[PDB]
Every structure is written in structure tokens, then in C-alpha cells.
Amino acid sequence: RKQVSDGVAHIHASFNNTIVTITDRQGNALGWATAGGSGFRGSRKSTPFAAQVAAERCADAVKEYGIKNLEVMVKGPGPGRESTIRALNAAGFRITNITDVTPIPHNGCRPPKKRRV
RNA sequence: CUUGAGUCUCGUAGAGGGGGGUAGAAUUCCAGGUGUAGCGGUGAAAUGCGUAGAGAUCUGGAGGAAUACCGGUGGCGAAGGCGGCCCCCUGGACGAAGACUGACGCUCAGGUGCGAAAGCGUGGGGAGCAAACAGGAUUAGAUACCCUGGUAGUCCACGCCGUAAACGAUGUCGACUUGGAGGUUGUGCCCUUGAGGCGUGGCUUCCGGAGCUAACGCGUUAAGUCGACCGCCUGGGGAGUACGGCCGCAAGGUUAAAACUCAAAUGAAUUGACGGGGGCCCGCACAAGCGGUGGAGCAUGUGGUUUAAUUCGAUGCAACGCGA
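## With respect to the pattern of salt bridges
Okay, so step 1: Scanning all chains against the criterion turns up 4 salt bridges.
Okay, so step 2: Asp6 is paired through a salt bridge with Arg25; the nearest N and O atoms lie 3.0 Å apart. Of this pair, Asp6 sits in the segment before β1 (8–13) while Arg25 sits in the loop between β2 (18–23) and β3 (29–32), and the two are 19 residues apart along the sequence.
Okay, so step 3: Judged by its relative accessible area of 55%, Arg25 falls in the exposed class.
Okay, so step 4: Put simply, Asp100 and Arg81 hold a salt bridge, and the shortest N to O gap is 3.6 Å. Of this pair, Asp100 sits in strand β5 (residues 98–100) while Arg81 sits in the loop between β4 (71–75) and α2 (83–91), placing them 19 residues apart in sequence.
Okay, so step 5: You can call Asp100 partly exposed: its relative accessible area is 43%.

## What about the protein's contact with RNA strand B?
Okay, so step 1: Taken together, 22 residues are adjacent to RNA strand B, and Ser14, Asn17, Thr34, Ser43 and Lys114 come closest.
Okay, so step 2: Backbone sugar and phosphate groups make up 67% of those atoms of RNA strand B lying within 4 Å of the protein.
Okay, so step 3: With respect to RNA strand B, the side chain of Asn28 contributes an N or O atom lying 3.2 Å from a sugar or linking oxygen.
Okay, so step 4: Only β2 and β3 provide two or more residues apiece to the surface near RNA strand B.
Okay, so step 5: For the surface near RNA strand B, the class distribution of residues is 6 nonpolar, 14 polar and 2 charged.

## A closer look at α2
Owing to its 3.6 residues per turn, the α-helix aligns residues three or four sequence positions apart on the same side.
Okay, so step 1: When α2 is considered as a whole, its buried residues turn out to be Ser83, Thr84, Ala87 and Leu88. Relative to the axis of α2, the buried residues are bounded by an arc of 140 degrees and lie together on one face.
Okay, so step 2: Where α2 is buried, its residues meet β1, β2, α1 (48–55) and β4.
Okay, so step 3: Note on α2: the residue one or two positions beyond its end, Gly92, has a positive phi of about 110 degrees.

The rules behind the values
- Residues numbered from 1 in each chain as written, not as in the entry; some residues may be left out.
- Chains lettered and ligands numbered in written order.
- Part of a larger assembly, values for the part shown.
- Heavy atoms only, no water.
- Salt bridge = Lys/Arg side-chain N within 4 Å of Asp/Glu carboxyl O.
- Helix = DSSP H or I, 4+ residues; strand = E, 2+ residues; numbered from the N terminus.
- Buried < 20%, exposed > 50% of the residue type's maximum accessible area, 1.4 Å probe, protein only.
- Near = heavy atom within 4 Å.
- Polar contact = N/O pair within 3.5 Å; in protein donor to acceptor, adjacent residues only side chain to side chain.
- Nonpolar A, V, L, I, M, F, W, Y, C, P; charged D, E, K, R; others polar.
- Arc of directions from axis to C-beta.
- Contact = heavy atoms within 4.5 Å.

Read these as layout, nothing more, since geometry by itself doesn't imply function.
So this is what it looks like as C-alpha cells:
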């Protein structure tokens, strides 16, 4: 119960998972979302209707603070960059600044050699 | 005596390196902080890792790799190859002026020197992350393509090992032979008015005349015309195999056959076919509804069995209320 009332949201999307962690502007998290525990398990996720309902998970733990406006920074590859925005727009929150803050690798190390097909 | 070769002065393009620190644009271990209910992964699922507090975010932080931009058909080097900048000190390529050198020129069987990765022993190191190794997953089954952890050893360095599609599958050197569109570097002349023209060198790019070739394809970067010089070639498999020699302490390199067998092997290209290669179209072919077979009984034919015989043929779409 701190009532920061505003904080950015980091949306880490992968090829098979998406998690929405709402932090403040300084770096203090209030509530994070998840896709592995949205009822079903295995690999049925990574699809829009399962990613938006996963993003809706912060509508039960972040509302207790009093966030009426927030920002969103998406990051990581995978389908669902629009499903999470639709989920945030349908949850009752606002939209302040949409950025892609994905970690850009600059080839510091060597990439793996698992794919040979 | 210069026009071949070599040489001076001034510069210009350009990952030429050797030794040395510097130290990033991002990075895994080892901590502090906000703080919950899961991180990851493949088309399905899971091993492992989270309440011993992970993945998400801020602070700085042990050490090895190494360029995302530049970065590219860029550009260099005899080749194998070289990416954070500098200087220590060496290389190659090119030009305008001037010279003298008088041929000092090209190539080479012997032979030395350069040699991708890995391994050996000597002295170290342990991240990112690696053949083997231990699990999950699939399939009729998996010593693998999939998902996760990893020993000496890949790194600096001392010598062995010297191989490959070290392939422009196109030796080296020099002289002449129709042509068109580009890339990186310079300046001469032309009001340089300028990004710009006319030249003039350079080598790497794309297409093509004659000509040559079996065609594909070469064609001022030659495989067209020549001259000098070196290597190699003689049907496949056997076979880069066996023996002996040279070298390597051993893991191998080189020189390098024979017996036997095969009546072929091969290159190019014209046809069709095929492909879980692509593209473009057609059909109640699908897409949406109606009526059904398959559910009950009966008729009929067929597949099996019995029968002294249940006649024969038809037998996947092209067979079964068919010959009837």
C-alpha cells in the first residue's frame, strides 16, 4: 500500500512465453504477469488468446496500489506484442508511451550452433 | 643506347604484421535493493531450475572472448587469412616530373622457409560455452537430428604434426588480336564555375563478334594466336592400399606398386517421368445446405465355410440390383 499511481510495464515475450512485470518509474515492481499458470500447462500458450488472458493476471494484484495510468515497454521476440496491448486496453488501464525495449545483442560472444537444418 | 629488370625525391589508396599495455557498444559465476508464484524451452510434452525467494528492474562490481554500426560484390596480402583506436619498428602497390645501370632478364628437377583444426610433454588458466558423458521426449526400435547439465583439454606460449573442394576444379613469364555496362584510387587539359567532361594508368566485376570446344561455356582478367620454361596425365575397382627407404619418441606425411576382377566408368546435353521445388489455372473438387450408406428387418450380389455341386468370368477407382 504505497499508492505510486503510475509505473512502467516491461513485457518480456519469448517464442513460447510472455510475462508482464509492472514496475514503477524507478525500478520497484508491484505485480508481474505469467503464462505458465493460466490454467492450462505444457505448450498451449504463445497464442494471442492465451497471451492476453495471461497479461490480465496483473488486474488482481496491481489494482490494490491505485494505478490509474501507466506506461508499457515491450521486449523480446514472439507473437503477442499486440495481444498484450489489447489486454491492457481491455483491463481498464491507459496507454502512455509504447516502446520496444527488447535487448538488442551486439554480437559480443559467439552464437550457438544448435540449428543445422 | 633505353624499351626488359633494379634504384632516388615527394606523396596517395589500402584488417600488412611482430612484441606490449589500453580497455569497450554487450557479456556467465560471486553480492545489496523492490518484490511474487513460477523461469525456460519444442509442432505436441518433459528433464532442470523457483518459497533455501528464482526469471522482471537500479548500484557498482572476478575474467576470458571479441565487433552489432562501420562491414560491403568494400579493400589488402605470394597463399593459408587478417575487424575497439593510437604510437615502438618493418612490407607491398602506384605517379608526375630526371637521371644513369647497359640486359644485371623469365622459369626450374634437387632444397630450405611460410603451413586450418586437433593431439602429445614441459608451466598455467577456467567464463562464454564444446566430440564423449548423465537425463527427458518421439518413433516398430535409436548410439541422431530435439530439449537440458559437462574431464583432461579450445587461450597466451616451446617443438613435433605438414593436410584439404590450399577450387579462378583455369602453372609461371612476355608480345599482338571487333566490342559494350560497373567498383576502388590520382592528377593532366577543358570558364577546374560544380556534384562534373575529355583523356590517361591500375586490378578486381556483368554480357558478348570471329575463333576454338563435345556442348556447357571462354572471349583484353583467355579456355582465341604464339615463344621460353616447370610439373602432371595413360580404363575403373583393387588403392593414396602392402613392402622397403626419408622424417616424425609414438598418433601419420611422402616416395608407391603387384596379383585379381570388371566390358565399362565418366562429362555435356536433347526428351519423358519423378520429387514431402516453385509458380499459373480447371473440375460438386472443396467451401454452405438437402437426401442418404454405415443403426433395425427384408431383397440382391460378393468375400469366407459346409456341400455328391453351391457353374464360369468379372475382381482398387475400370467388381458386386454385373454378365441375367
